[PDB]
Amino acid sequence: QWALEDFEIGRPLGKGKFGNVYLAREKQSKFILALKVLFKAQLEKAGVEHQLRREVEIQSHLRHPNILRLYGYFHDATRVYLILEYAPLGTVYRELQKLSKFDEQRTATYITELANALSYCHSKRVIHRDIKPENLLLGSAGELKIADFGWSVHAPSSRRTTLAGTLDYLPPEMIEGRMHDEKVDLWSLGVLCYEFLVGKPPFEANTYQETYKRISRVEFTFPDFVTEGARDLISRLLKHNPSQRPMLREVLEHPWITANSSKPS
Ligand SMILES: Nc1ncnc2c1ncn2[C@@H]1O[C@H](COP(=O)(O)OP(=O)(O)O)[C@@H](O)[C@H]1O
Ligand SMILES: O=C1CCC(c2cccs2)=NN1
Ligand SMILES: [Mg+2]
Ligand SMILES: [Mg+2]
């Protein structure tokens, strides 16, 4: 069906390990979208063909306002092209660099939209497993949208591909190669809630080795400015034992969330 010839290409929207994401307009419809480019050689060298199919299969079939749409794909002997919904206000990552910390209203609102989208995913026992600021994008009304489903799967699962980059958002069971389920996304939710309010993730250290120690032993402290209700919700999500982590309904109806968030469940 579609091919490169159908699109005018504009400025780069961002870069990832494999992905190079461009602004684009489809010639006859004038439809604006984002084109994610993957190099076949690189995919093959790394052997993540299976992750790509997972990304395409899972994301194309999900429909939720807080989840980024995937419309289609094509390829061309050197590259694979994913056709994505364009998010015009950029990443949560960028917004955090700009402002340093989010206030309590902004944080709770983001956590609600996340919990809504994740609840929807978990209801088809899809777990995302790569929830972090550079994979959270913003729509034209500033609403959060989960993107990058390259690491997603069905639960329960094992991990067998290598974790290349940062540990900062992964629970103990996942970094230890043990087996995991849905509850991994709830841990990452606690990691995000802290980073939103403080400006850095709770287990951040100077080395891989030290970061790994701090996650497995759940070693973090709060700054004085973090209120009691935020401490309460964050302490609940960062349980070593997955089973002791809350359900998502318990996150959405937590008092701190209800007092501060400006969108509903
Ligand atoms: N639909 C989109 N709209 C705007 N920017 C995007 C979009 N998709 C990706 N980006 C930008 O490109 C970066 C890489 O996209 P992503 O799909 O996460 O690639 P990777 O799989 O390599 O992490 C993102 O962090 C974001 O900055
Ligand atoms: O609902 C849709 C499905 C596909 C789509 C596309 C734009 C350009 C190529 S394909 N835009 N909107
Ligand atoms: Mg990404
Ligand atoms: Mg990816």
# chains A, B, ... in the order shown; residues from 1 in each chain; ligands from 1
>>> residues_near_ligand(ligand="ligand 1", cutoff="6 Å", atoms="only C-alpha atoms and all ligand atoms", output="count of residues only")
18
>>> select_by_dssp(residues="segment 25-151 of chain A", states="strand (DSSP E or B)", output="ChimeraX atom specification")
/A:25-26,32-39,67,70-75,79-84,91,126-127,136-138,144-146
>>> write_last_selection(atoms="N, CA, C and O atoms", output="compact mmCIF listing (two decimals), in the first residue's frame")
# COMPACT_ATOMS: atom_id res chain seq x y z
N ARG A 25 3.80 14.99 5.88
CA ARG A 25 2.46 15.24 5.35
C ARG A 25 2.19 14.35 4.14
O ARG A 25 2.97 14.32 3.19
N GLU A 26 1.07 13.63 4.17
CA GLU A 26 0.71 12.73 3.07
C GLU A 26 0.17 13.53 1.89
O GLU A 26 -0.78 14.30 2.03
N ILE A 32 -1.32 15.30 8.31
CA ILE A 32 -0.06 15.42 9.07
C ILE A 32 0.10 14.27 10.05
O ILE A 32 -0.85 13.89 10.74
N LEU A 33 1.31 13.73 10.13
CA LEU A 33 1.57 12.57 10.96
C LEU A 33 3.05 12.49 11.28
O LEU A 33 3.83 13.32 10.83
N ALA A 34 3.44 11.47 12.05
CA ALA A 34 4.85 11.25 12.36
C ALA A 34 5.32 9.93 11.76
O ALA A 34 4.67 8.89 11.91
N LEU A 35 6.45 9.98 11.06
CA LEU A 35 7.03 8.82 10.40
C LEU A 35 8.24 8.32 11.17
O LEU A 35 9.26 9.00 11.26
N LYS A 36 8.14 7.12 11.74
CA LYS A 36 9.24 6.54 12.51
C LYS A 36 10.06 5.61 11.61
O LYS A 36 9.55 4.61 11.11
N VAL A 37 11.33 5.94 11.42
CA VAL A 37 12.20 5.20 10.51
C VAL A 37 13.12 4.24 11.27
O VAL A 37 13.77 4.63 12.24
N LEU A 38 13.15 2.99 10.83
CA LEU A 38 14.04 1.99 11.40
C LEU A 38 14.93 1.40 10.32
O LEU A 38 14.46 1.05 9.24
N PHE A 39 16.21 1.28 10.63
CA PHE A 39 17.15 0.69 9.69
C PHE A 39 17.17 -0.83 9.83
O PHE A 39 17.44 -1.36 10.91
N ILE A 67 -3.57 6.97 24.60
CA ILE A 67 -2.61 6.09 23.93
C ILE A 67 -2.41 6.54 22.48
O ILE A 67 -3.39 6.74 21.76
N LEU A 70 -1.27 4.04 16.12
CA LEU A 70 -0.41 3.56 15.04
C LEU A 70 -1.30 3.15 13.86
O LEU A 70 -2.10 2.22 13.96
N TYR A 71 -1.13 3.85 12.73
CA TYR A 71 -2.03 3.71 11.58
C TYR A 71 -1.60 2.65 10.56
O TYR A 71 -2.44 2.10 9.84
N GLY A 72 -0.30 2.39 10.46
CA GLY A 72 0.21 1.47 9.46
C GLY A 72 1.73 1.46 9.35
O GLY A 72 2.43 2.02 10.19
N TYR A 73 2.22 0.81 8.30
CA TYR A 73 3.66 0.62 8.11
C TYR A 73 3.96 0.20 6.66
O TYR A 73 3.09 -0.32 5.97
N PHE A 74 5.19 0.45 6.22
CA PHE A 74 5.70 -0.07 4.95
C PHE A 74 7.21 -0.25 5.07
O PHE A 74 7.78 0.06 6.12
N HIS A 75 7.88 -0.77 4.04
CA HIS A 75 9.34 -0.94 4.09
C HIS A 75 9.96 -0.90 2.70
O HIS A 75 9.23 -0.89 1.70
N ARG A 79 14.94 0.17 4.91
CA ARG A 79 14.25 0.71 6.08
C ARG A 79 12.83 0.19 6.31
O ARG A 79 12.17 -0.31 5.39
N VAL A 80 12.38 0.30 7.56
CA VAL A 80 10.99 0.07 7.94
C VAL A 80 10.41 1.39 8.47
O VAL A 80 11.06 2.11 9.23
N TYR A 81 9.18 1.70 8.05
CA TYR A 81 8.52 2.97 8.35
C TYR A 81 7.24 2.75 9.15
O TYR A 81 6.32 2.12 8.65
N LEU A 82 7.16 3.25 10.38
CA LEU A 82 5.88 3.18 11.10
C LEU A 82 5.12 4.51 10.95
O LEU A 82 5.71 5.58 11.09
N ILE A 83 3.83 4.42 10.65
CA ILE A 83 2.99 5.60 10.45
C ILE A 83 2.21 5.91 11.73
O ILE A 83 1.26 5.20 12.07
N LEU A 84 2.61 6.97 12.43
CA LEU A 84 2.07 7.30 13.75
C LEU A 84 1.26 8.58 13.80
O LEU A 84 1.46 9.50 13.00
N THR A 91 7.46 15.90 24.18
CA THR A 91 7.56 14.89 25.24
C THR A 91 7.45 15.45 26.65
O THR A 91 7.77 16.61 26.90
N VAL A 126 -2.08 -6.63 28.29
CA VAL A 126 -0.91 -6.03 27.67
C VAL A 126 -0.15 -5.26 28.76
O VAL A 126 -0.73 -4.43 29.45
N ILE A 127 1.14 -5.57 28.93
CA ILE A 127 1.97 -4.78 29.82
C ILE A 127 2.98 -4.01 28.95
O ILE A 127 3.50 -4.55 27.97
N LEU A 136 6.45 9.44 26.76
CA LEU A 136 5.15 10.03 27.06
C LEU A 136 5.04 11.32 26.24
O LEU A 136 5.85 12.23 26.40
N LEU A 137 4.06 11.37 25.34
CA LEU A 137 3.94 12.49 24.41
C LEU A 137 2.71 13.34 24.76
O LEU A 137 1.88 12.90 25.56
N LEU A 138 2.60 14.53 24.18
CA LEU A 138 1.54 15.48 24.54
C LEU A 138 0.70 15.92 23.35
O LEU A 138 1.23 16.37 22.34
N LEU A 144 -1.68 13.82 28.09
CA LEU A 144 -0.63 12.81 28.01
C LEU A 144 -1.04 11.64 27.12
O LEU A 144 -2.20 11.22 27.12
N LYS A 145 -0.10 11.12 26.34
CA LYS A 145 -0.33 9.93 25.53
C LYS A 145 0.86 8.98 25.63
O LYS A 145 2.00 9.37 25.40
N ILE A 146 0.59 7.72 25.98
CA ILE A 146 1.65 6.72 26.05
C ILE A 146 2.06 6.31 24.64
O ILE A 146 1.21 6.04 23.79
>>> residues_around(residues="residue 199 of chain A", least_positions_apart="5", cutoff="8 Å", atoms="only C-alpha atoms", output="NGL selection string")
:A and (96 or 100-102 or 194)
>>> residues_around(residues="residue 121 of chain A", least_positions_apart="3", cutoff="10 Å", atoms="only C-alpha atoms", output="list in words")
residues 58, 62, 63, 64, 67, 115, 116, 117, 118, 124, 125, 126, 127, 128, 154 and 182 of chain A
>>> write_last_selection(atoms="C-alpha atoms", output="compact mmCIF listing (two decimals), in the first residue's frame")
# COMPACT_ATOMS: atom_id res chain seq x y z
CA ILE A 58 -0.22 -4.39 19.87
CA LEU A 62 -5.49 -0.40 20.93
CA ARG A 63 -7.90 2.57 20.96
CA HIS A 64 -7.80 5.02 23.90
CA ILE A 67 -2.61 6.09 23.93
CA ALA A 115 -3.49 5.19 35.13
CA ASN A 116 -6.49 5.43 32.80
CA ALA A 117 -4.46 4.36 29.76
CA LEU A 118 -2.64 1.60 31.67
CA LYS A 124 -6.23 -6.88 27.59
CA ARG A 125 -3.31 -8.12 29.73
CA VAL A 126 -0.91 -6.03 27.67
CA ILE A 127 1.97 -4.78 29.82
CA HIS A 128 4.01 -1.84 28.43
CA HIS A 154 1.26 -10.25 27.22
CA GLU A 182 1.29 -6.31 35.18
>>> atom_distance(atom1="atom CA of residue 253 of chain A", atom2="atom CA of residue 111 of chain A")
11.5 Å
>>> select_by_dssp(residues="segment 7-157 of chain A", states="alpha helix (DSSP H)", output="MDAnalysis selection string")
chainID A and resid 40:46 49:61 92:99 104:122
>>> atom_distance(atom1="atom CA of residue 142 of chain A", atom2="atom CA of residue 88 of chain A")
9.0 Å
>>> closest_residue(among="A:132, A:239, A:231, A:249", to="ligand 3", atoms="only C-alpha atoms and all ligand atoms")
A:132
>>> atom_distance(atom1="atom CA of residue 178 of chain A", atom2="atom CA of residue 156 of chain A")
11.1 Å
>>> residues_around(residues="residue 187 of chain A", least_positions_apart="6", cutoff="8 Å", atoms="only C-alpha atoms", output="list in words")
residues 169, 170, 171, 237, 238, 239 and 245 of chain A
>>> closest_residue(among="A:228, A:27, A:92, A:215", to="residue 4 of chain A", atoms="only C-alpha atoms")
A:27
>>> residues_around(residues="residue 46 of chain A", least_positions_apart="3", cutoff="10 Å", atoms="only C-alpha atoms", output="MDAnalysis selection string")
chainID A and resid 18 40:43 49 161:162
>>> write_last_selection(atoms="N, CA and C atoms", output="short mmCIF file (atom, residue, chain, number, x, y, z; two decimals), in the first residue's frame")
data_model
loop_
_atom_site.label_atom_id
_atom_site.label_comp_id
_atom_site.auth_asym_id
_atom_site.auth_seq_id
_atom_site.Cartn_x
_atom_site.Cartn_y
_atom_site.Cartn_z
N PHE A 18 16.87 3.02 17.60
CA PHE A 18 16.69 2.59 16.22
C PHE A 18 15.93 3.65 15.46
N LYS A 40 16.87 -1.51 8.73
CA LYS A 40 16.79 -2.98 8.73
C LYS A 40 18.07 -3.63 9.22
N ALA A 41 19.22 -3.12 8.78
CA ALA A 41 20.51 -3.69 9.17
C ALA A 41 20.69 -3.67 10.68
N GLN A 42 20.24 -2.59 11.30
CA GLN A 42 20.42 -2.35 12.73
C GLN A 42 19.51 -3.27 13.54
N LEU A 43 18.26 -3.36 13.11
CA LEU A 43 17.29 -4.29 13.67
C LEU A 43 17.83 -5.71 13.63
N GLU A 49 13.75 -8.11 15.64
CA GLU A 49 12.64 -8.24 14.70
C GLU A 49 11.33 -8.52 15.43
N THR A 161 15.55 -10.53 26.01
CA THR A 161 16.49 -9.61 25.38
C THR A 161 17.10 -8.71 26.45
N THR A 162 18.36 -8.36 26.19
CA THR A 162 19.24 -7.56 27.05
C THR A 162 18.66 -6.17 27.36
#
>>> closest_residue(among="A:113, A:103, A:130, A:57", to="ligand 4", atoms="only C-alpha atoms and all ligand atoms")
A:130
>>> closest_residue(among="A:200, A:129, A:159, A:106", to="residue 263 of chain A", atoms="only C-alpha atoms")
A:106
>>> residues_around(residues="residue 248 of chain A", least_positions_apart="2", cutoff="8 Å", atoms="only C-alpha atoms", output="list in words")
residues 115, 119, 186, 246, 250, 251 and 252 of chain A
>>> closest_residue(among="A:28, A:60, A:152, A:227", to="ligand 4", atoms="only C-alpha atoms and all ligand atoms")
A:152
>>> closest_residue(among="A:147, A:205, A:193, A:167", to="residue 55 of chain A", atoms="only C-alpha atoms")
A:147
